[PDB]
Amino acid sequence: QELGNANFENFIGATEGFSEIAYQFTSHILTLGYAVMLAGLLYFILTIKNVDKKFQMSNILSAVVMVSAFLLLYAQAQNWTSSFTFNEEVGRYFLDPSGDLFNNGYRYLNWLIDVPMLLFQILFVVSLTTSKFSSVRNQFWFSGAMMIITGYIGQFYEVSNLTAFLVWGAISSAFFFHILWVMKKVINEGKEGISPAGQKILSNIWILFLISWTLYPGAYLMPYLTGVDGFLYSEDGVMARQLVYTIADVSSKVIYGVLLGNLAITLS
């Protein structure tokens, strides 16, 4: 299997193919993904006037994240549809040799760019207490970048060497735990010396952040979560993975932005 060696979407597409439902669902979900980013982009442009100058860098960075997310998810969406074509004889969609093939680059690039801005963002709304801005900022940038790069290396091996896919996933996960831990510290310090209404919103932000962000390794693992011959090892694990990525992207970029915007209005 030469054509389907690059990733699980290709593997499936070149061997079993995708039902009508799997192909259409995944296409629609990816389209909702970028459409929400565009709407978010507008929301963040239009509401920047509602926070004090002091906090506006957060709204700016929300907007910038929306731009890159709109572009790269639009591109990922097109890459889905143009990589798989219907075959009349079997009634399924197959990896098209005349296309460019499914490619995770668009999404991994988006993460490299958005992770550092999403993490930095909050440092323009909350005030630290005992920690330094530059230290926190550097810990987030370095660990975020490493998390993504090591996850990108892992994903090459997804079908060729599943063991490696997992080892690199675990290294990536170690960077992830460090980010959660710095973020929990940022949230606790940001709670010190704001109103209880501000603290309740920070509490929500932590929950959102924690769940959102954990969906990413969930979706990386998704086709293996029922074992090497189970139910998700299939087009359904492709559908599940792309659905979960899309929910994660909306939650981590959009809802997170909105919550941060509301925190900043509270502090204004």
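Note that the rigid core is defined as the largest set of C-alphas that superpose within 1.5 Å between two forms. Heads up: residue numbers just count along the shown sequence, starting at 1.
For the pair 184 to 192 and 96 to 104, greater average C-alpha departure from the shown form in 6 other deposited structures of this protein after core alignment is found in 96 to 104.
Fitting each structure in 6 other deposited structures of this protein onto the rigid core and averaging C-alpha distances over structures and residues, 162 to 170 emerges as the more displaced of 138 to 146 and 162 to 170. Checked against the record, the higher mean CA B factor of 46 to 54 and 196 to 204 lies with 46 to 54. Averaged over CA atoms, B-factors in the entry run higher in 99 to 107 than in the other of 126 to 134 and 99 to 107. Highest C-alpha temperature factor among 210, 32, 243, 41 per the entry: 32.
Across the options 60, 225, 67, 36, the residue with the most elevated CA B-factor in the record is 225.
Per the PDB record, residue ranking by Cα B-factor puts residue 231 in the highest third of the chain.
Annotation for residue 251: CA B-factor lies in the lowest third of the chain's modelled residues. Sort the modelled residues of the chain by CA B factor and residue 188 lands in the lowest third. When the modelled residues of the chain are ordered by C-alpha B-factor, residue 157 sits in the highest third.
Annotation for residue 181: C-alpha temperature factor in the middle third relative to the rest of the modelled chain, per the entry.
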